[PDB]
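See structure below.
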Amino acid sequence: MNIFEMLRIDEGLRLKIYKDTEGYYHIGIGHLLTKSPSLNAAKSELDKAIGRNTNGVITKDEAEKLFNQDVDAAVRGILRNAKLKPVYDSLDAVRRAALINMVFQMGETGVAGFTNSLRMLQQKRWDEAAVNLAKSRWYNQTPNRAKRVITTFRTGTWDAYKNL
Ligand SMILES: [Cl-]
Ligand SMILES: [Cl-]
Ligand SMILES: [Cl-]
Ligand code: NA
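Start counting the sequence shown at 1; every next residue gets the next number (the authors' numbering).
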């Protein structure tokens, strides 16, 4: 188990444009195309991202390319953020994956907003952080995924992703 396998479980794989739980156009392994309500806008973003006229469908190789790019971007976002980097640097490797997962889902800015949870993580107050993380729109909107990520922060193991 590693961050790529973890996010492939949480996001799935779809080779056609789809809407996520917020109703936004995505493709592949949780790649956000646009927040705009227009499917035409989303097709245009896709063709721009892939470099060809896709007509809304990509191959598995294309999905995995976007995914590699997106994981790299999430990591870079953490390291260039002054609120996230110190937390990341304090964490063990498994808990680092959990933080990358959150940034992949919500973005660098959204996670940097979890001020109190971040402080608790930096202090290694795992049970207190777990409770605080669950008091969120995030948890209420995507509770099964939030629970897996929170369990990962609580325990520092991959147990939530085992048996899946
Ligand atoms: Cl892109
Ligand atoms: Cl709390
Ligand atoms: Cl969920
Ligand atoms: Na994403």
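Ideal placement from N, C-alpha and C gives every residue a C-beta, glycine not left out.
| Query | Result |
| --- | --- |
| For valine 94 versus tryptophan 138, is the C-beta spacing smaller than 8 Å? | no |
| Name the one or two DSSP bridge partners that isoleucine 27 has. | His31 |
| So which of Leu46, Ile50, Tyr24, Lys60 has the shortest CA-CA distance to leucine 13? | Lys60 |
| Just the Cα atoms here: how many angstroms apart are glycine 23 and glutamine 122? | 33 Å |
| Excluding the five sequence neighbours on either side, which residues of its own chain have a C-beta within less than 6 Å of the C-beta of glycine 30, listed in chain order? | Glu11 |
| Got a sec? Which residues, its chain only, sit under 7 Å from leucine 32 by beta carbon, not counting five neighbours each side? | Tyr24, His26 |
| Here's the rule I'm using: 16 or more other beta-carbon atoms within 10 Å means buried, otherwise exposed. How should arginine 154 be labelled? | buried |
| Report the CB separation of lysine 16 from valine 57 in whole angstroms; it is logged as a contact under 8 Å. | 5 Å |
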